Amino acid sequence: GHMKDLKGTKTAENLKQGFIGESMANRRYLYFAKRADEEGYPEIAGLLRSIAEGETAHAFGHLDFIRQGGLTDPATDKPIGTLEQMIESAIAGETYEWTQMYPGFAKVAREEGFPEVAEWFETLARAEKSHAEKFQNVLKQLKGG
């Protein structure tokens, strides 16, 4: 019963929302752990890091149900059944970010008078272009053998 079709269901949408929240929880808790680290709270830092592993398990399980239910990647709306498809999903999202999202964010940051945040968004646009090209070169290797 693991392969029941989830397309068009509310449950499909709920898996995507769960994946988003679990992804953020891991990042948040590892960021908070660094504050605990600096201040000298190793037990708190360690708890944050261990709970973060929990949120990894939660996120990965949501992606298993997404993949098995015939759903697409929460970030890109691309299929992620095969390794080739996974890499194509990575390329699609990186391409969105370097062609559109980060340059757009930089332009708006400059307009609103946040040049330091704009510089950061421009760095990230260049970074996601580098990422897209490296994934493009790997895909070429996969599809060539």
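Just count from 1 along the sequence shown to find any residue number.
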Average Cα temperature factor in the PDB entry - higher stretch of 41-49, 64-72
64-72
51-59 versus 102-110 - which carries the larger mean C-alpha B factor in the record
102-110
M24: CA temperature factor from the record, placed by chain third, in the lowest
Quick one: classify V117 as lowest, middle or highest third of the chain based on its Cα B-factor.
highest
Please place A92 in the lowest, middle or highest third of its chain by C-alpha B factor as given in the entry.
highest
